[PDB]
Amino acid sequence: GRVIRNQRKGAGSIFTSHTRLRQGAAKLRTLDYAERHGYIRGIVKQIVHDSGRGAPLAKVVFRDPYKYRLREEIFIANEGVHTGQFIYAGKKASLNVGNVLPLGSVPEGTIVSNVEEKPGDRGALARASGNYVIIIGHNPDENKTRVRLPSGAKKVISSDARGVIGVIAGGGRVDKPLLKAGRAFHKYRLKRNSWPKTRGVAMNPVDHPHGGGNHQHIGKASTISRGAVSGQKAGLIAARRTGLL
Amino acid sequence: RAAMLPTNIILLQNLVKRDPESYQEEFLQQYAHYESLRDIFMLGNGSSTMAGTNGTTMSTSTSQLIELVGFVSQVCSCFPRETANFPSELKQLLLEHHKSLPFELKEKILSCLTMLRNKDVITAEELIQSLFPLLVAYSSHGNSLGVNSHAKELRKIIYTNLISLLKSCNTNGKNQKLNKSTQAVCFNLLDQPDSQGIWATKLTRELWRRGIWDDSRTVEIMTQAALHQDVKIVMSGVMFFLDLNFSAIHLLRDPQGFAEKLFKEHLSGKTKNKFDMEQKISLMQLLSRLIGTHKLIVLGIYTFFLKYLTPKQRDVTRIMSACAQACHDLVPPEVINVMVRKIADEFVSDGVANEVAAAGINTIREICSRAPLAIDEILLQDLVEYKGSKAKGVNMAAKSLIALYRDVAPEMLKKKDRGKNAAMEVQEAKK
RNA sequence: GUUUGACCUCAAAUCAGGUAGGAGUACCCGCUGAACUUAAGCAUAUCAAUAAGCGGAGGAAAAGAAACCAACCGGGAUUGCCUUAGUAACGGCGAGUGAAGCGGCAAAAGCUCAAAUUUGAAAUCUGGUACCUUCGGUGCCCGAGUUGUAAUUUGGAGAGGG
RNA sequence: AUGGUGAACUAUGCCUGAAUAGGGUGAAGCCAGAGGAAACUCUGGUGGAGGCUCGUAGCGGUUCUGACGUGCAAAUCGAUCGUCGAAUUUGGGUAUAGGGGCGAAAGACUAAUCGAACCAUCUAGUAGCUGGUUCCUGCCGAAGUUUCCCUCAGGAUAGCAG
RNA sequence: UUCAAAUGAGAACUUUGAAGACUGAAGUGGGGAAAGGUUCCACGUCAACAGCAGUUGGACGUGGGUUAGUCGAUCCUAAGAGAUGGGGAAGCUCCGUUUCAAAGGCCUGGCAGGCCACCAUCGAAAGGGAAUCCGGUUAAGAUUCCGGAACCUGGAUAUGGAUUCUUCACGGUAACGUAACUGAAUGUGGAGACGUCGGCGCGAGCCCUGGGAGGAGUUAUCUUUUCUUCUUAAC
RNA sequence: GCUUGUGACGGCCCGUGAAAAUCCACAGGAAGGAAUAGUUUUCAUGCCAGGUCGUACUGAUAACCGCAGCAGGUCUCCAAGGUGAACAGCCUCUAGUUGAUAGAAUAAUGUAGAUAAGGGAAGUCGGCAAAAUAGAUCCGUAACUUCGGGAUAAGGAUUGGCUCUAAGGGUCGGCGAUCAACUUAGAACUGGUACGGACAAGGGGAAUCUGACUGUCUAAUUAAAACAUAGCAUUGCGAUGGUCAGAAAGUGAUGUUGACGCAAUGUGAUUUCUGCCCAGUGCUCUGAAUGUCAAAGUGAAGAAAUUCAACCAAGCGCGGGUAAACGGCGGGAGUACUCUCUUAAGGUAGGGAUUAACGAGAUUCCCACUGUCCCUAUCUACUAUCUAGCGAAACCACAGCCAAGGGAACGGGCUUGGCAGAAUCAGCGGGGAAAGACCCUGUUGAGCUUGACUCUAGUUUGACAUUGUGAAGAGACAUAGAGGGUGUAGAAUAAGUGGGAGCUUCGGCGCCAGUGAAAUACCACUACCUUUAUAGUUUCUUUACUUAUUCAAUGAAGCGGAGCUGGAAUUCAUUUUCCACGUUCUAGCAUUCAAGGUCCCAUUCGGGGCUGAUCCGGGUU
RNA sequence: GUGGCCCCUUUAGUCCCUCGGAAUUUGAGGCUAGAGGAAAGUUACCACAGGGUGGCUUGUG
RNA sequence: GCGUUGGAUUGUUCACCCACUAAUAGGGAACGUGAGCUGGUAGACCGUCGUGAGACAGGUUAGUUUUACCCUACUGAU
């Protein structure tokens, strides 16, 4: 048989991301003495757009303490920040939107974004548009902190891990229909080559497990296993269930 | 996914089984719903009547409770608090209503109790008191005659679940405290003379076959069943002692008195005429196979057979094959002579057919293989007449009798039949 | 003495002087490694411990002076030829595969380290430099080296003491 | 099978650049007037939206008992037709290499080669069946179930002749 | 397509002239990129080729011809390619492009004290980019040569000018202005540097057109007539 | 007015539309500089130099690629006048070309066009093809409709030329003077067979099936109801990760990513509909014990090789979930059969179905129109034809008149007959030329599929090694022990079997007495069941440490502990915890070993130290 | 009158042979005598090599 | 000997229908394998079957052979 599309996706010839017009990798400030003990102030200069991304970014300028110079970080903007705003980042920072704090300092019930799975990760969770995590409780002994993620899962992580207050901007982006193939074309033009998607049923047997037949059908049971391997995993990888909910 | 997670239980339980210190509020959010649901369930095509249902569509409340019961039964071990009364709620949901619950919910609770007993949350001593009372209630004849009562299916489910329970309990070592307790309920069911010992016999046979209840205490139960008045209980006992018999005969307390009581109660005593022929024959088989094996003496058997020993009678080849099985070396051969002379008068007489004569001779020679001095030389010769009979049934039959008496009493045979070694043995031993 | 030095380890130089690469590759030393074919079709098998591919040398290479063959009245490094032998043996015991000792011959060749206290004298060696009779010698000066350079000894023997 | 060469055509992605008359319809926003208590409505204008439309260049390639058929041409010529401001057309640079790539998916395209490219070697590969097999004369001279290996079957044999 | 003449042994096909037509500014024109490589131009010149012909030719034989501080490459980086250090791999070689390196360049005053922080290289003759225009000239070369007139970079530098005894300028309320009017480390900002369509405005060139000064053509009748020249570069 | 450049604006985006080199300015103020004279080369002038390579020509119906001087293909700039909406079509100016084998005739058949009386689809599988319509102004425009369209719907009145009228503007003057363009409406007259006079340029309508649409593909026979599409639904994944690569790697794509995301599938706009089954096959479950149960490891026998037994992970088996998973289509009860009754895929209403637009998609009918046809005729151009020059190809056993016969149903050759006169030109397509599919077979070649066979990458679970330092518990081997038995009756809870009528502390008692299949004292046998202890033997679970190992980050910057210091803080006498001297109205600034204080030297135009800024540490975090 | 009318499994060897440097004991191999008895489909997307009238009838069951 | 038609019907025609007509007769030379011109493999969909690749009880749709210039015959011409 042939090698199939998902197997070809791993080499990364024509499936690499399209990264020319991206403003830069969005990240939090590196964990330093200031963020660990007190706070530090920066100025948000520009609220800007990032190609291939629905959420906007913010350019935040901070003052290097060890040398006389300026350092520009690229944050993911939360809903409500504005140019000329002061962003306070650290342990002793106040509880306002856009500020960066550790999860142990804040109380439970608060809303944060761009959370680090571990301290020094510089942003892992709640980065897409309209997304947020909710702190539900702390455990100061054994220092840990329990959070709820956008998928609904509940996790426990270090209280020294950081996050930025508020909701990521750009919400509602998926409530608008596209109505046209051209808008999907231009959307994925800047993300990657995962569009259009031909159906495996419409191919020959060399090209897919689902291919073949005088009628467009699958010969079996679209729930594949998890111990399957590299050419068998067509659809519904490890389905605990199927059907409408 | 977050808003749908409360609706998706299969993902919730896999998440809870990982980190159950989290997902406390997610569990309370469902336990409250389960409580509010059980608090509810606690309490035709004609032109006139309301339309009926197909039997497979259900309510959205029941479809939710059936899911919540499984979720709570699978995470009770993670949340021992807030679930301590859950199995008692299930138990008093079952054995106080029995009827305001749909069959799917009943089945779900019955399986959740079984897995809650597989895990050591619940004990067998309190699961038995849930399972047994439902059998008698769904074998009621008044509960099983609704519109869509699933009484037969429930009676099968509870039965196989009891079997799984006892198989579970008797794996490592035999839980005598449990077996001795649930044999007492079989005894106390067989007392109730209507039909309720069915669920004792049908269960003890299964456990004997699975080898879980090899004990002297159990064979007494089936003895009492065989000595019962109900036909479908007596038959269960008889077919147990049959299954050629099984090792249970070697755990009886008095086989002779057992056979005597059987022959007196069922067949001869009152002549109630309850059993049909197909059951009378199975009783005869048991009696004769006990008798021949254990050297018993009743002497009424051998006149009871004579009514039925006629070729114009229904399925006589089974009766006469049990006639021989009640013969010995140690019984008065006159009461068997009358039997042999009935058979000879009615099966190898004038004009009879080939199959009839062959059946007669074949069932006489296998009598004489146990009771050799039960027919005399004068009729022995009359029957070895039929050696060269041209029919190939009677010849094969007569040769068997000749070879039987060639090794046992060859002087009854004539010189023509003593085959080269019986005659030589007689010639040396006659001088 | 929070100073001044010795050693050890690791580096740097367009430092002084040399060295490797690549080609050819008939033969040679290894590594890696197929299928066509033949077996009935074919997984064992055969083609084959082959072809292709990789690394590495020389005028020859490799091997080589027994941890050998033997069971004899004992032979006596290695290599090659005649023969042993299409044999012993291996194998769907099929297709097929398949050596070795002995004997005759060609050519002939033996040896070296470590392990031993010079301990009454590191006796050893590279380089730099000045002369010379320059494929090298003598002197002198930095250095290597005792965590062992020379002489002496290699199992056939051999050493020390007399 | 082994080892190698190809994205100058063509498939797809990326980078950097370029090209695309004249008309028809007339969306949001806006101006005035009339009717209103006011929600708002009606009329006349403005404006110039659209993976709209007619239709050039351009891109494609529907139909013709079309021309040609050793043709201008190893796919062309004519007329007719689809589309024509965008999922558009295109140059150069770049990436993906063979049981691999790419594919808006026809098993399509991958240098006139694709249900597995091209080059060389293993290789005088091989079944099966076909075709052919080179001077004269003389003498002798046939054969077609007779018996069988898992039925065809390629065979092994009886008999015939030298 | 035609007529005459010339050339020549020979002219339907060459040259000139006289006619008639065609492409009809989305050209049968004038220039370029890729590719080609002297095919360009001249002098001789017909054996073969130009599916007839041939005195002709992109043919044959021999020569000539391509001039740059300003046009380009060169430089920069784009997608991307690719060494080193290190790590794999029997190995031909693979990974990856700042990595887990002691990766080098500045100051002050038997070398002593300080400061800086960072990755080879390649990759566009349509992207970015310092600076030249006119006229004339050749058989064939030109934004390259000739004449004339300018500009950019880099370097050494003298004079004048400006400033200064209130040492590193004044004016203007201000927006800001001027011939200038010191400035190391370090830091910051800007330019380079950017989509597409719609209509509106402004400019250049072209189109159309009038009077006048010249030349040509028609004139059988008419037409103060039809056509044409009257231009102004970089800086 | 055309082309082009430019400016300020507006609209569009789940699209917001390169980087670097290079240049400048600003902040800052190290520093150096005038007085009897300096400073400034960002003002003006003046001086010197600028290397290497390319540079001709074509850029195409003859300079490139197609075997070629091939009607094919191949990127781009400039672009005049008229008609006309127009870079359309037609004619012309500048510039260029006049190249493509010629001459004579005008037969048929052809190729490319054109016209035709009356009838108008009688033709034909089929109105194929052709014809007809066509531009602009005005009137008018149905069903249906996703209310946006359908729609140029349809169907009708007109169009020339000439002479006029009216209206539509700008600049200056305290309504006039002056200047200028083409836009429309209207009237009169006039020629006509024709007036969008050539060119140019929709045929329309009533319905059906189908896919929503725009778009894409089989280069070189299939452009479509196929693919894609937006929309719809499902699944996996919270980074120690999901999906996918790589021989390996201190290796990679998604990923400059983070659930409004990535990956994997199916369906295929909107509207309407969307009922039930987890028996089966798949998928899944942090699913007990028992069963099956590999290697290592353990025990027994033996002189040993070996043999046996026990233990034995995952997986299987077992039982729970799931159908916008493949399947599939009823349920229950009473005695597979047989009787019974519920069937909730019920139309919610008798307004339940009258249902767009788009399409080189498949189909029928009507109007109009015609040489499709009756029924053919005529004309034009290039060929054919003849001539000068040039000059192939296919095919070819030998050849070439017919009939009958034999014959493989079938002769040009043989037999018997009919006949038979040179050499030839133009035509024709009957035969010969003379060069197909379909069917079958190989014990074939390849492609594809599957619980066909043998294998395998990958993945998964177990053992060993890497692998070191501590502790606490549970189970088992193995011995030593200790006790036990309710179906009923019987005084009583009878393993069972065999001997029988006392050893006697008591003569309690055992025998003789019921009842029971079996009879109990007393003493032996050998079955099961349950518990007590650990010489030892082992196995297993949990937990601690860090230096191996592993992961990530950085500028390897602030780590760990301190009567630290100073504050409070609440204590039950002395602590324990918080803080720390550092920063939160504001789109500013923060840099020269850091000023100051303090000790010493030198008096210099300034140097050095402590402190400002707590101490220690063999761990960068 | 010496009867009747038609090839891969396993066991055992007195004092059987061998295990090739000698022996003993286990095992193994022989020769005897006994007892038993590897593998499924599809191809129209395809490719290759080969092969392929007896004068017959008529209108009447 | 001479004539033996024109048309309708493809949810089909191994045929039938109504008209005109003097009449609207039957057949062969092909169909005793296969031979002018015209209707009646590759792509795609629905149905039946198949675990599946695919096949079919089907049905619908779209879908490139191209002489004669040679001999003979025939027709006309020397």
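We number chain A the way Swiss-Prot does; in order, the residues shown are 2-246.
Every residue gets a Cβ built from N, Cα and C, even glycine.
Per Swiss-Prot, the residue annotated ubiquitin cross-link among A:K46, A:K181, A:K234 is A:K46.
In Swiss-Prot, the feature ubiquitin cross-link is assigned, of A:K93, A:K155, A:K188, to A:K93; the remaining candidates carry no such note in the record. Among the candidates A:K119, A:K177, the residue that Swiss-Prot annotates as ubiquitin cross-link is A:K119. Swiss-Prot marks one residue of A:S18, A:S52, A:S223 with the annotation phosphoserine, and that residue is A:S52. Feature annotation from Swiss-Prot across A:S106, A:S130, A:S160 places phosphoserine at A:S160.
For the residues A:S95, A:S152, A:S226, Swiss-Prot attaches the annotation phosphoserine to A:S95, which does not rule out the feature elsewhere. Spatially, by CA atoms, the recorded positions A:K46, A:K119, A:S160 include one closest to A:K145 (ubiquitin cross-link), and that is A:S160. Comparing the Cα of A:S52 (phosphoserine) with the Cα of every entry in A:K46, A:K93, A:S160, these being the recorded positions, the smallest distance points to A:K46. The most crowded of the modified residues listed here (A:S159, A:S160) is A:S160, judged by how many other CB atoms sit within 10 Å of its own CB. Of the candidate recorded positions, A:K46, A:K93, A:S95, A:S159, A:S160, the one lying closest to A:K119 (ubiquitin cross-link) when CA atoms are compared is A:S159. Across the fold, the C-alpha of A:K93 (ubiquitin cross-link) and the C-alpha of A:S160 (phosphoserine) stand 14 Å from each other. Most other Cβ atoms within 10 A: among the recorded sites A:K46, A:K93, A:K119, A:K145, that distinction falls to A:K145. Cα-Cα distance from A:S95 (phosphoserine) to A:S160 (phosphoserine): 17 Å (rounded to the nearest whole number).
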